[PDB]
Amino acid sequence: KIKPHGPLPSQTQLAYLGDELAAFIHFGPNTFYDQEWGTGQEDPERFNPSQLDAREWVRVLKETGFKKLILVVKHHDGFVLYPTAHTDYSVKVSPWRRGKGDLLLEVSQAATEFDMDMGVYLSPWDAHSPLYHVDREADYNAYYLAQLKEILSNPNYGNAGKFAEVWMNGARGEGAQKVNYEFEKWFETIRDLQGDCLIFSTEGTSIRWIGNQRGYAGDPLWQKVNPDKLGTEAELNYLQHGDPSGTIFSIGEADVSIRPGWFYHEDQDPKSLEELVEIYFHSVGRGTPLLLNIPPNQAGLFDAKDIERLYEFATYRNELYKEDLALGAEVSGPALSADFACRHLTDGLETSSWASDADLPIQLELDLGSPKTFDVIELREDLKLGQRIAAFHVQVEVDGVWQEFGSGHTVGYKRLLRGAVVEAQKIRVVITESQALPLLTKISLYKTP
């Protein structure tokens, strides 16, 4: 047996890493006020998306490869998009659905139909609530917690009653009240109702912020941190790269809007395909999920251009992965045992993996059997045994000279590394630094479309 190394991921964490793509939905009063942050003074009468079709949101996301939908149900403005018992500042007083509307239910029904996992974003900062004050913070915490209970205990919310992620945004305006949150009590309730449901927060939960809203994970990206170096004043580079000596497994989730803003603005356009592809390689291609925000318009529909762009992005990915040019390639180099043999890297069996306790550097050489043309290499670690690799490089033989293809720090769950398009038959993967004996589950090669 190989012993584990470092902090190990939970099954829910591994599941998210495997899923890769999640969608965010920011929609609410801000959409009608053409703004990014609201004050809590917005008029509920303005909230009337009469053409809203939550099933279309879910259908398009499902068809374009998203595996989770994180819905904003209360942004910083404090307007609640389901009929909570706990405030009057909700859809109950809006004309939408004649006051009888429940956006969390509408989305949940569609998600259940499509087997789309659900997340829920409930803003800690609340610019509306009279309880949002240091002098009333116990009451505000009870309000927040009561809403968690309403959302997470109702079998009609979630994907068949299940939530996969809870989002606790760390943002608060200059000159807001400095309310402190009862995080542990909140986390306890989340477990009680939803088990190992992932939580995004400023604290030492299973998901952290990557430290930017550009969709950019660092290299290295260690999916681990020490919770005592988080909080609202966590260093951006600490979030972006993680901690080589981290004590908990932590996914640095890469959130980014398809538009400049999180909410829909008529005068904005979605990112180009080119732009989304760069994001993809720097998020999913660095071993962390991409959480891409798609904001419905004032009608309650995704914008036509955004929809087109999501199908274009899905096509791109489907084409990228159409053929693994490394499948069945002969692999040589050191290997711990037959059970961890080199051939496990290209055998297309996800139940087989390679490992070596040899001295570094470790050099794996692939022979594709004939010259093939590629510009992407994919490597994967076995994170059930912990993240280990800290430096590697790749070379390709060109006219009898071993030339560089590219280099990196970490591998993680999955690392895509691009290089110049090359026609080659022999490739070397060289592991040069690792915290423990390296394991890899797969080496793949692709040509970008």
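All residue numbers refer to positions in the sequence shown, first residue = 1.
Which is higher in the entry, the mean Cα B factor of 57-65 or that of 34-42?
The entry gives the higher C-alpha B-factor average to 34-42.
Out of 347-355 and 134-142, which stretch has the higher average CA B-factor listed in the record?
According to the entry, 347-355 carries the higher average C-alpha B-factor.
Between 286, 224, 208, 92, which one tops the list for Cα B-factor in this entry?
Highest CA B-factor of the listed options: 92.
Comparing recorded Cα B-factors across 204, 175, 218, 296, which one is largest?
If I rank 204, 175, 218, 296 by C-alpha B-factor, first place goes to 175.
Within-chain third of residue 415 by Cα B-factor, per the entry
It belongs to the lowest third of the chain when residues are ordered by C-alpha B-factor.
Going by the CA temperature factor in the PDB record, which third of the chain does residue 185 belong to: lowest, middle or highest?
According to the entry, residue 185 has a C-alpha B-factor in the chain's middle third.
Lowest, middle or highest third of the chain for the C-alpha temperature factor of residue 440?
For residue 440, the deposited C-alpha B-factor lands in the middle third.
Taking the entry's C-alpha B-factors for this chain, is residue 111 in the lowest, middle or highest third?
According to the entry, residue 111 has a C-alpha B-factor in the chain's lowest third.
Divide the modelled residues of the chain into thirds by Cα B-factor and specify which third, lowest, middle or highest, holds residue 400.
Answer is highest: the recorded C-alpha B-factor places it there.
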